[PDB]
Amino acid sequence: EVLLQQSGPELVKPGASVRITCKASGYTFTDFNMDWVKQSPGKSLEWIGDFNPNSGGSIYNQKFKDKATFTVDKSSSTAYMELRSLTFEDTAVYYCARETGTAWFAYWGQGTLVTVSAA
């Protein structure tokens, strides 16, 4: 079975950075594209971007161009997403989601909750 496991919840302060890791297994990692999805509390889903592990290129939503950075480690079949200069607006559950030829998502990670708080 294909499984996407990502890191646990993050508690950070404003202006900090986070990197969410999505570790995939059960298939050849380079064969399919990896996408990232944001869901703010009580709101609907938003598309951050897509990353191709084979070529290494990525396509970012214009809204998250200066916010997200996609990296990869093909040896461990892990996808990463860096979030920079975090505000209270960036408090959300971030998902990884794998394509299958076209960008419909059959497999999803369990989600990583990012909570920004200066308390």
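Start at 1 and count along the sequence shown; that's the residue number.
In this entry, 12-20 shows the higher mean Cα temperature factor of the pair 100-108 and 12-20. In the PDB entry, a CA B factor belonging to the middle third of its chain's modelled residues is recorded for residue 52. Residue 33 sits in the middle third of its chain by CA B factor, as recorded in the PDB entry. Residue 118: CA B factor in the middle third of modelled residues in this chain (values from the PDB entry). For residue 71, the recorded CA temperature factor ranks within the highest third of the chain's modelled residues. Per the deposited record, the Cα B-factor of residue 39 falls in the lowest third when ranked against the other modelled residues of its chain.
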